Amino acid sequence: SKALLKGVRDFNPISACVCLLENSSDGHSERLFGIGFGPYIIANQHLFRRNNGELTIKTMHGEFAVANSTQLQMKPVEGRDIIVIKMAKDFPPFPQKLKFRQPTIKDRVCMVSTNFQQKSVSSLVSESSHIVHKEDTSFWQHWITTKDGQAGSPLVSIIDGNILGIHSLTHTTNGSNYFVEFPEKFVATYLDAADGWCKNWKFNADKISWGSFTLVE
């Protein structure tokens, strides 16, 4: 019968669009997740904390060593830890069916990821979590266990399966976790829109809204 907790849900279409992102430089490798959508990769801005890394993108449909990331057109969601990267024409695109929306206080979320195997990928899903908005920011708190490496993993509503955000932050001592929410009309405004792209974008933490957080970088 109907009960407190939601029943079985299919997260596989989300998992099919999750990518591994490696930004490699002399003496440092940034390893995060991303979300593919058409010719676009959606990632954290902090993937590009370090300039001029060689970017490798692993997907269910191939592995793409795009090399120097500074040549790529990018579109930041200004004020929050999300960036959209446009791939070259020779990068085979993802489908364009995922739904994105802002979270609400009705939502609970599961983290979704992917494992890469020889002939296939497999889907991974976490326990569901309550969420709490961090005032004057795009950050929402969640309680799902994460390791360094899991930034960029989608947080998915168990109400309607929409992607609400991607993992971003952890507290430096108490282990609290935070994801960054997608804005309203994200696909229409950032993906479908022909304008607003550039190659000369550089990461600046000061351009993200922090509210009462102090970022330790």
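Residue positions are given as counts along the sequence shown, with the first one as 1.
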State which stretch shows the higher mean Cα B factor in the entry: 77-85 or 107-115.
77-85
Of 207-215 and 1-9, the stretch whose C-alpha atoms average the higher B-factor in the entry:
207-215
Per the PDB entry, maximal CA B factor within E181, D26, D160, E63
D26
Per the deposited B-factor column, the C-alpha that peaks among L191, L155, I57, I41 belongs to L191
If you rank the chain by CA B-factor, which third does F37 end up in: lowest, middle or highest?
lowest
Would you mind ranking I14 by its C-alpha B-factor against the rest of the chain and naming the third, lowest, middle or highest?
lowest
Of the three thirds of its chain by CA temperature factor, lowest, middle or highest, which one includes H142?
lowest
Against its chain's modelled residues, does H167's Cα B factor rank lowest, middle or highest third?
lowest
CA B-factor ranking of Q71, expressed as a third of its chain:
highest
